[PDB]
Structure formats: C-alpha cells, structure tokens
Participant: 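I have a structure I would like to understand better, so I am pasting it below and will then ask my questions one at a time.
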Amino acid sequence: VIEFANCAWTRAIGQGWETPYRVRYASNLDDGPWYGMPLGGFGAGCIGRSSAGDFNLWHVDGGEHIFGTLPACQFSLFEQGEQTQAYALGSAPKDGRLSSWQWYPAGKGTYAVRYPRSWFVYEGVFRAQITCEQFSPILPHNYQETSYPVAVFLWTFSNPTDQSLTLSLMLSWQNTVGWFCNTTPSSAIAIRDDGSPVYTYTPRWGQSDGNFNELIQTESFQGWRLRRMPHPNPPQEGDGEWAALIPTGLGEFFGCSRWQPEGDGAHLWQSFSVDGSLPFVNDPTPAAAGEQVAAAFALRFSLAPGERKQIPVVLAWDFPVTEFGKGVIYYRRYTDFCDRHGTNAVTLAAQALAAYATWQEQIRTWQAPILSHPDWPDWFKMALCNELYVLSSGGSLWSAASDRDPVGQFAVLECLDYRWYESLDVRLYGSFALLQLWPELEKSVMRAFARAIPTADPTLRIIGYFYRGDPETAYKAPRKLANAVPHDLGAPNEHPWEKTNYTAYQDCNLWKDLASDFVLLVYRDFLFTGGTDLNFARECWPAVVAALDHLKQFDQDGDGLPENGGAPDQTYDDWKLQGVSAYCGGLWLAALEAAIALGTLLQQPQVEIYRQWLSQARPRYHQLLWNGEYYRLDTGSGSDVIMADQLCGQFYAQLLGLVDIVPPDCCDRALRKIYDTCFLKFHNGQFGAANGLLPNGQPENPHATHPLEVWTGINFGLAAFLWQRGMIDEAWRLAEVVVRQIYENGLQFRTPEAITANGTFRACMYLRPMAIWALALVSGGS
Ligand SMILES: [Ca+2]
C-alpha cells in the first residue's frame with residue numbers, strides 16, 4: 001500500500017541512529033534525529049510525528065518551536081482473533097505516565113515519507129495487515145487547501161488469515177487549547193555567542209484551566225472537540241479548538257470525552273485492551289486549577305477472512321490568530337475559507353472527511369510527473385518532495401487575503417536558530433520550489449521586499465559581529481537605510497513583512513549581494529510565470545531602480561563594479577571580501593542584464609545607464625579576476641582560494657536566458673576546477689562541495705568556518721549549474737552525495753544549512769536546501 005516505496009524515505013518504525021549528525025555549537029538547536037513528516041498546511045500551524053510514532057513537534061504558535069511528546073496524543077490498536085493484543089502506536093514514556101498502556105514493539109513495520117504523504121506499515125505483531133497513511137492537502141497552484149490545519153489519517157485494514165478478526169482503532173488527544181502563546185512577547189533581545197539576536201519564548205505549556213472536551217455525533221460523522229471556557233471574541237493567540245472525526249456507518253463508536261493524561265491511563269486501557277471498547281463519557285466539565293484533560297474515541301469493527309476496510313480519521317485545529325510582537329495581530333489564511341472566530345474545527349474536519357479522497361487523487365496527480373520522469377534517479381524524486389517539508393515546519397506564515405495581497409502574504413523562516421523570514425540571499429537558491437509550485441506566494445514575498453526597499457528605520461541597533469558584551473558601549477548601526485535592500489522580512493517576535501532587516505549579526509545595509517539578489521529574483525519570477533504578469537513587474541520596477549543605485553554607490557573607483565570591504569558583506573557572512581569579488585561582481589553583472597531585459601520590456605528610462613554600466617563592468621570583471629584556471633575570490637585580498645559559488649551570476653544569467661557574464665570556456669574551466677577541488681579533493685567527495693579550498697585541496701586557514709562547511713543549498717545550486725553547463729553525470733553525483741548525507745545521518749525533516757567533515761551540522765531546518773528544485777527546473781524539460 002506504500003506507493004513507490006523506492007521514491008520515499010523509509011526507516012523501520014522506532015529504529016534510531018547509532019551516530020546521527022550533531023550541532024556544531026552547543027548554544028544552537030539540536031532536538032536529535034527523531035523528526036518525521038510535519039502535518040498541517042503552510043501557515044496553518046503544524047504538528048510533526050516521529051518515525052517512532054510520537055507527536056513531538058508543536059508549531060501551532062506561528063513562528064515558534066516546541067519539541068516534546070504528549071504521550072496521550074496517539075493512535076492505539078486492539079485486535080482479537082486467536083489471541084488478544086492492544087498497543088499504543090508510539091514509544092513508552094520515559095517519565096512513567098500512562099504506565100498501564102502497552103507500546104508497539106520497535107522494528108515491527110516501516111515508516112515511509114514522500115511529502116506530503118507518509119505511511120506507517122505495521123507488520124509482524126497483529127494478524128491483520130494495517131497501514132496508516134498520513135497526509136495534508138498540500139497542492140501546487142492551490143491557495144486554499146494548502147493553508148488548511150488538517151491531517152488525514154487514512155487507515156487500511158485487511159485480513160489475510162483463515163479466521164475472522166475483531167479490531168478497534170482508538171485516537172486519544174490531550175486538550176492543549178490556550179498553551180500555544182508567548183507569556184513574554186516583545187522581550188529584551190539578547191546577543192547569542194554566535195552573534196545572532198534571540199528573544200524569550202515562554203509558552204503556557206501544561207496550563208489547561210477551563211479546558212473541556214465534548215463528543216460530536218451527527219448522522220454523517222462522530223468524534224470529539226477540545227475547547228476552553230470561556231472562548232473570547234475576538235480570539236487571542238492560543239484560543240481555538242481541536243476536533244477529530246470519523247464517518248458514521250463503519251462500526252461501533254465508543255466515546256470518552258474526559259480522561260486524565262497524567263495518570264496511568266487505566267480507565268481507558270482496561271476496556272480497550274480487553275474488548276476494544278471505551279467507558280462512555282460525555283463530560284464537558286472545565287478543567288480545574290492544576291488539572292490536565294484529554295479525550296478519546298474508538299471504532300470497533302470485524303474483518304472477515306480476506307476482507308479489506310478503510311477508515312479515514314481527520315484531525316483539525318482552529319487557532320486563527322498569529323500574534324508576533326505585542327499587539328501585532330494577523331489571521332491565518334485558512335480563516336478565509338471559514339471565519340476568524342476560532343469555532344470551526346468540526347466544520348474543517350467535516351470538509352476533510354468529504355474531500356480526503358479527492359485530495360489524495362490530487363497529490364498523486366501533481367507528483368506523477370516527478371515519479372515517472374525517465375531521467376531522474378529514485379533518490380532525487382524522493383528528495384524533491386521531501387525538501388518541501390520546511391514550507392510547513394519552517395515557522396511558516398500565511399495570512400488572510402487583503403486587496404493588495406489577494407491570496408495572503410507568505411513567509412518561511414531562514415531557520416529556527418536564525419529566526420527571521422525569507423532571507424533574500426538565502427532565497428536566491430532556496431525559493432525555486434515556491435516559484436514552481438506556488439508562484440502567487442513567491443510573488444507576494446517579492447512584493448513585500450519591493451515595498452520595504454524605500455522604507456527606513458534610523459534607530460541604532462547593536463551589530464553582533466562587533467558586540468563585546470556591553471549593550472551601551474557596543475557598536476550600533478541604523479536598522480534600515482532608505483533604498484537599501486533588507487536582508488529579511490522581519491521576525492515572529494516583532495512584525496513580519498512590515499518591519500524588515502531584523503537580522504543584526506552584520507549590518508545588511510552594507511551587503512553587496514542583496515540588491516542583485518532582489519533584481520534577479522524579480523526577473524526570474526516574472527519570466528518563469530510566462531512573462532505576462534506586468535502588474536508584478538511594474539510594482540517591482542521602482543524597487544529594482546532603487547536597489548541598483550544603492551549597490552552602485554559601492555563602486556569606489558568608477559570602473560562599473562561594486563567593491564566588497566569592511567565586515568563580511570554578503571551571504572558567506574563569516575568570510576571577508578576586499579575589492580570586486582567573483583561572487584558579488586557576478587551577481588551584479590547578471591542583475592544588470594536582468595534589469596536591462598525587464599526595463600526594455602517596460603520601456604523604462606534607466607535602461608540606457610544600465611547598458612553603459614554593463615558595457616564597462618562586464619569586460620572588466622574577467623580582466624580583473626581571471627587567473628588562468630578559475631575566478632579569483634576578489635581583487636584585494638590576494639587569496640588563492642577557489643570559491644565554489646564564484647560563478648553564481650553565470651548560473652543565473654543563463655538560467656534567465658541572458659548573455660553570458662563571462663567567456664563560456666572560462667566558465668566551464670572554472671566549474672571543472674571547482675568540482676575537481678571543492679568536491680573531489682574534500683575528503684574524496686564524501687560530503688559534497690566545500691565552499692572554499694586551495695587548488696591542492698587544502699584549507700587556506702585550517703580553522704576557518706564557512707570555507708570548510710558543505711552548504712546543502714549551495715551544493716544544489718552548483719548541481720543545477722553543472723547540469724546546465726552539460727556536466728550531467730557530475731551534477732547527479734554531487735547532488736546524490738548531499739541527499740545521502742541528509743537522509744542517512746539523522747537530518748530528515750530538519751535539513752541544515754551546513755555539514756562539516758566531522759559528523760556536525762549548523763542551522764537545522766533551513767530554507768536554502770529547497771535549492772534542489774533548481775536542479776529539477778534545469779533538467780525537467782516537460
Ligand atoms: Ca506568536
């Protein structure tokens with residue numbers, strides 16, 4: 001019943017890792033390797049469940065992260081034939097809660113994922129063949145269901161034995177209404193040891209006062225709903241409800257609305273483990289001070305020899321408010337298809353029960369071109385889908401529609417350690433999936449950038465690179481200069497979209513890549529959506545002009561080329577560049593080309609000056625940086641290092657149908673050398689491409705950080721570049737190594753920025769790795 005297991009990530013249920021990757025700095029996040037596929041739409045709030053069956057990831061509070069199991073949130077199975085057996089389908093709690101429950105033995109089945117579908121196939125315990133397919137309706141080109149806070153658990157049971165079986169399927173859940181909010185919002189900003197600003201998150205975990213549960217029973221569906229008394233109007237962050245439903249007509253329904261998840265769970269288990277029933281309870285008493293509450297239902301059915309039954313179970317959660325900074329209130333996009341009152345969980349669940357099979361068909365339909373591609377390896381089909389997981393679990397925001405944002409505004413975090421949105425340098429590579437599958441969301445993000453470019457915040461704030469532990473004497477720079485390009489679209493502790501350039505490790509008002517990134521993204525988004533959206537192009541054009549003028553001020557000598565200087569001033573933000581760099585110089589030339597193309601289409605007056613700049617700048621870049629084998633890092637440092645991502649501009653120019661920014665023979669020779677050195681002489685091509693090595697495969701400096709890291713998303717960009725330049729075998733080999741490192745070593749559903757050669761990672765749950773879609777785009781004909 002797992003469809004195309006070979007294009008799915010699989011692991012035996014509850015099989016762990018001998019030696020997973022671990023975080024390279026102790027102050028940074030490492031929950032360990034037990035992430036499974038997240039459930040829930042983008043910006044819906046999401047929950048994750050591990051390959052052991054534990055619901056351990058709670059992202060119901062928009063942009064916030066909690067990792068921890070609530071053992072009572074779980075499916076349990078009872079079967080009786082020859083023998084009687086009953087198991088909760090998670091791991092045994094370590095702290096002794098639910099001591100009466102028995103837990104499914106590890107290694108007795110397969111967990112499989114191709115996002116947004118996953119499967120538990122249970123085998124070798126029960127006599128029935130039992131599969132649970134878990135999915136949310138994540139649909140490309142669909143700006144409705146993709147936002148929904150629903151998970152479908154589609155169970156298939158079949159009896160392969162000579163004897164009739166009695167089965168019962170239970171879902172219990174703890175009422176967490178009111179838990180998912182910050183009691184310390186707009187808190188003091190601390191500088192962490194890696195230089196990043198951090199805030200304090202103090203959720204109301206375990207605060208259940210007023211929480212109650214009721215059974216739901218109609219002609220069509222039955223289950224439970226988890227609420228809180230009172231429910232204010234309007235709701236505040238944390239206010240809402242859960243529901244879970246099955247259709248009627250499928251067997252005998254046992255409901256128990258109120259049981260104690262902190263106790264031994266015997267009230268439930270003494271019935272369930274014996275005959276698959278529960279004691280009848282419909283008790284909406286609000287929970288007392290100090291008291292936790294949970295609900296459960298079980299469905300009991302018989303399965304005759306050779307019979308197959310399916311049971312759809314749907315969970316829905318209606319938490320409509322995302323509050324960011326204190327008093328900064330947005331509604332979630334799904335509210336446009338119900339309302340903003342936070343009283344809709346049953347109606348959402350009901351819609352799911354009605355539509356789940358349609359949604360399942362639609363998922364098979366959009367994935368079918370990928371799975372049937374004749375020139376894509378199995379691992380790639382798998383990773384292409386699986387890397388979409390971050391669009392759900394990356395602190396994703398998707399707001400309610402407005403006139404100027406007709407499908408809502410959208411944002412994914414750079415990551416959990418680096419808690420701000422849609423970092424521009426990062427999305428250069430990381431935004432290829434969003435462009436291809438949700439181009440209206442892609443456009444809203446770029447429109448948010450466009451609007452922010454002219455704004456300013458003169459307020460002086462600490463720059464982390466320079467911080468020496470005293471706030472008052474610390475070097476500070478203006479939050480944002482008018483017409484500078486912001487690094488990001490703000491943070492979940494402030495105001496996403498509207499308050500930009502939140503990052504403070506460097507002063508991004510000085511960065512030399514961001515302006516080019518902005519232009520290249522605008523043009524790419526216009527071109528790859530048919531070259532017809534003149535509204536998008538006209539809206540972004542003033543910002544294109546402002547961006548390029550901003551970056552042109554950093555051309556000190558007037559040769560046409562902006563020069564790096566000072567603190568690290570581009571995406572490799574622990575790596576100092578001096579003078580014209582290959583990286584930023586390249587992006588600049590590709591940007592100018594892009595602005596010339598778009599500006600000509602739009603008939604704009606700036607086109608003449610961009611052609612003059614490019615006529616000076618383009619020959620000059622080769623003239624300055626060619627060393628005979630590759631492009632020099634920069635003009636000022638005298639470094640002999642090979643930067644793997646030196647010709648990012650040439651990748652982009654060609655991707656965009658624009659003229660080569662360098663001689664294609666030089667491009668090809670540079671790229672061959674990057675591959676032969678940065679990949680093949682970095683521990684023999686075991687990890688992928690290091691960002692910078694000497695021509696002999698040694699580090700320039702054995703202690704440097706960025707040069708000696710493999711950036712997953714940079715590697716995917718490089719693969720795409722290789723493929724576009726005709727080095728096909730090379731692209732597939734490099735991309736394979738990176739996928740294997742992630743999906744074999746405990747990084748699945750938390751893909752990081754960086755791996756080292758020493759079993760360590762940096763910045764789990766990272767935006768860049770969606771760059772695997774750039775390879776799909778260049779190789780995908782069709
Ligand atoms: Ca919040």
Side-chain angles (χ1 to χ4, degrees), residues 42-43 138 140-141 143 146 383-385 387-398 405 407-415 418 420-450 452-453 485-490 496-497 500 513-529 533 536-537 540 543-544 547 571 587 590-591 594 645 648-649 651-652 655-656 711-721 751 753 763 765-778 780:
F42 306 166
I138 309 305
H141 311 292
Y143 307 101
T146 308
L384 215 49
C385 305
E387 293 299 314
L388 297 179
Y389 83 93
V390 68
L391 294 178
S392 170
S393 71
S396 65
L397 305 182
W398 191 351
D405 298 288
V407 295
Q409 296 182 291
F410 188 71
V412 172
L413 290 171
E414 180 178 327
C415 60
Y418 318 140
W420 34 82
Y421 279 107
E422 290 298 342
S423 294
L424 191 56
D425 57 311
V426 177
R427 83 184 317 279
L428 183 66
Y429 280 146
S431 65
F432 274 95
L434 199 71
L435 163 64
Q436 165 69 237
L437 304 174
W438 294 282
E440 298 298 327
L441 300 182
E442 171 62 17
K443 285 165 187 190
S444 76
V445 170
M446 287 324 287
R447 287 197 300 274
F449 277 100
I453 280 170
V485 176
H487 167 268
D488 54 75
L489 300 178
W497 303 294
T500 66
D513 51 350
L514 299 178
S516 299
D517 295 346
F518 177 73
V519 176
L520 289 168
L521 286 164
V522 168
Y523 195 57
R524 173 201 76 174
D525 293 353
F526 171 76
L527 198 68
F528 282 85
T529 58
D533 193 352
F536 175 70
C540 300
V544 161
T571 196
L587 288 171
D645 201 19
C648 189
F651 169 62
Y652 249 91
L655 171 71
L656 296 180
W711 292 15
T712 57
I714 300 308
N715 272 234
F716 298 142
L718 206 52
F721 190 23
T751 313
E753 171 82 290
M765 202 160 300
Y766 206 75
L767 191 71
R768 222 182 300 260
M770 276 178 300
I772 196 177
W773 278 79
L775 176 50
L777 175 60
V778 298

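The residues of the chain are indexed from 1 along the displayed sequence.
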Participant: Please tell me if the side chains of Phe449 and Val522 come closer than 4.5 Å, counting only heavy atoms from C-beta onward.
Facilitator: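 They are not in contact (no side-chain heavy atoms under 4.5 Å apart), so the answer is no.
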
Participant: To the nearest 0.5 Å, how far apart are CZ in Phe526 and CZ in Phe536?
Facilitator: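 Spacing of CZ (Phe526) from CZ (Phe536) equals 9.5 Å.
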
Participant: Is it the case that the side chain of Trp773 and the backbone of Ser431 share a donor-acceptor pair, with hydrogens and angles ignored and the cut-off at 3.5 Å?
Facilitator: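 It does not hold such a pair.
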
Participant: Any chance you could lay out the side chain to side chain contact (heavy atoms under 4.5 Å, CB included) test for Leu656 and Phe528, step after step, and finish with the verdict?
Facilitator: CA-CA 9 Å; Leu656 296 180; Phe528 282 85; 4.1 Å; yes

Participant: Going from OH on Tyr652 to OH on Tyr429, what distance comes out if it is rounded to the nearest 0.5 angstrom?
Facilitator: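 Output value for this atom pair is 8.0 Å.
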
Participant: Grab the two heavy atoms, one from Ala763 and one from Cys415, that are nearest each other, plus how far apart they are.
Facilitator: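 Closest approach of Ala763 to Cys415, heavy atoms only: CB-SG, 4.0 Å.
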
Participant: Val519 and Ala591: which non-hydrogen atoms are nearest, and at how many Å?
Facilitator: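 Scanning both residues completely, I find the closest heavy atoms to be CG1-O, 3.5 Å.
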
Participant: Would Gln409 and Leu397 count as a side chain to side chain contact (heavy atoms under 4.5 Å, CB included) if you check the C-alpha gap in whole Å, the side-chain angles of each, and the deciding distance to 0.1 Å?
Facilitator: CA-CA 8 Å; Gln409 296 182 291; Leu397 305 182; over 6 Å; no

Participant: Do the rings of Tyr418 and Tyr766 sit parallel, tilted or perpendicular, given the 30° and 60° boundaries?
Facilitator: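 Answer is perpendicular, since the angle exceeds 60°.
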
Participant: Could you list the residues that satisfy ring-ring contact (aromatic ring centres under 6.0 Å, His included) with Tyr421, not counting sequence neighbours?
Facilitator: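 Checked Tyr421 against ring-ring contact (aromatic ring centres under 6.0 Å, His included); zero matches.
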
Participant: Should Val485 and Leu424 count as side-chain neighbours, where that means a heavy-atom distance under 4.5 Å?
Facilitator: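 Counting from C-beta outward, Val485 and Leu424 do come under 4.5 Å.
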
Participant: Can you tell whether the side chains of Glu440 and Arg447 come within less than 4.0 Å, N to carboxylate O?
Facilitator: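 Between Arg447 and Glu440 there is no salt bridge, as every charged N stays at least 4.0 Å from the carboxylate O atoms.
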
Participant: Less than 4.5 Å apart, any side-chain heavy atom of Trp711 and any of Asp645?
Facilitator: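 SC-SC contact between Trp711 and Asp645 ruled out.
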
Participant: Where do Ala771 and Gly717 come nearest, in terms of heavy atoms and distance?
Facilitator: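 Where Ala771 meets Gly717 most closely, the heavy atoms are CB-N, 4.2 Å.
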
Participant: Hey, could you give me the SG/CZ distance between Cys540 and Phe518, rounded to the nearest 0.5 Å?
Facilitator: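 The distance works out to 5.0 Å.
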
Participant: Output the distance between atom CG (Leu434) and atom OG (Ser444), rounded to the nearest 0.5 Å.
Facilitator: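 The OG atom of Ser444 is 8.0 Å from CG of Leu434, to the nearest 0.5 Å.
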
Participant: Among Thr500, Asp488, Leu489, which one satisfies side chain to side chain contact (heavy atoms under 4.5 Å, CB included) with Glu422?
Facilitator: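 Per the side chain to side chain contact (heavy atoms under 4.5 Å, CB included) rule, the option paired with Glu422 is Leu489, out of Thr500, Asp488, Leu489.
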
Participant: Check the orientation of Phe410 and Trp398. Use parallel for under 30°, tilted for 30 to 60°, and perpendicular for over 60°.
Facilitator: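 It falls in the perpendicular class, over 60°.
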
Participant: So does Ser393 get a backbone contact from the side chain of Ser396, meaning a donor-acceptor N/O pair under 3.5 Å?
Facilitator: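 Absent.
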
Participant: Does the side chain of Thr529 reach to within under 4.5 Å of the side chain of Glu442, using non-hydrogen atoms?
Facilitator: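 Not in contact.
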
Participant: Tell me, do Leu391 and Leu441 make a side-chain contact under 4.5 Å, heavy atoms counted?
Facilitator: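 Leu391 does not reach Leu441 side chain to side chain.
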
Participant: So do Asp525 and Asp533 actually touch side chain to side chain, heavy atoms under 4.5 Å?
Facilitator: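 The answer is no; the side chains never approach within 4.5 Å.
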
Participant: Do you know which two heavy atoms are closest between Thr751 and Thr712, and how far apart they sit?
Facilitator: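 Looking at all heavy atoms of both residues, the closest pair is CG2-OG1, 4.4 Å.
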
Participant: Could you go through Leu428 and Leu521, starting from their C-alpha distance and side-chain angles, then the distance that decides it, and tell me whether this counts as side chain to side chain contact (heavy atoms under 4.5 Å, CB included)?
Facilitator: CA-CA 7 Å; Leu428 183 66; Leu521 286 164; 4.2 Å; yes

Participant: Look at the side chain of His141 and the backbone N and O of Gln436, then say whether any donor-acceptor pair between them is shorter than 3.5 Å.
Facilitator: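 Answer holds: yes.
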
Participant: Is the shortest heavy-atom distance from the side chain of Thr571 to the side chain of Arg768 under 4.5 Å?
Facilitator: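 Answer yes - side chains close enough.
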
Participant: For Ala720, what residues pass the side chain to side chain contact (heavy atoms under 4.5 Å, CB included) criterion, not counting sequence neighbours?
Facilitator: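 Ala720 satisfies side chain to side chain contact (heavy atoms under 4.5 Å, CB included) with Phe651, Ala774, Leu775, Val778 once adjacent residues are dropped.
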
Participant: Evaluate side chain to side chain contact (heavy atoms under 4.5 Å, CB included) for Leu388 paired with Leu437, printing each intermediate quantity in order.
Facilitator: CA-CA 10 Å; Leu388 297 179; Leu437 304 174; 3.8 Å; yes

Participant: Taking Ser392 for the side chain and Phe42 for the main chain, is one N or O donor matched with an acceptor at less than 3.5 Å?
Facilitator: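 No; zero donor-acceptor contacts below 3.5 Å.
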
Participant: Can you tell me how far the OH atom of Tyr389 sits from the CE atom of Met770, to the nearest 0.5 Å?
Facilitator: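 Nearest 0.5 Å value for the OH-CE distance: 8.5 Å.
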
Participant: Are the side chains of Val407 and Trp438 in contact, using a 4.5 Å heavy-atom criterion?
Facilitator: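 Answer no - side chains too far apart.
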
Participant: Restricting to non-hydrogen atoms, name the atom on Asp517 and the atom on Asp425 that form the minimum distance, rounded to 0.1 Å.
Facilitator: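 Nearest pair, atom of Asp517 first, then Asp425: OD2-CA, 3.3 Å.
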
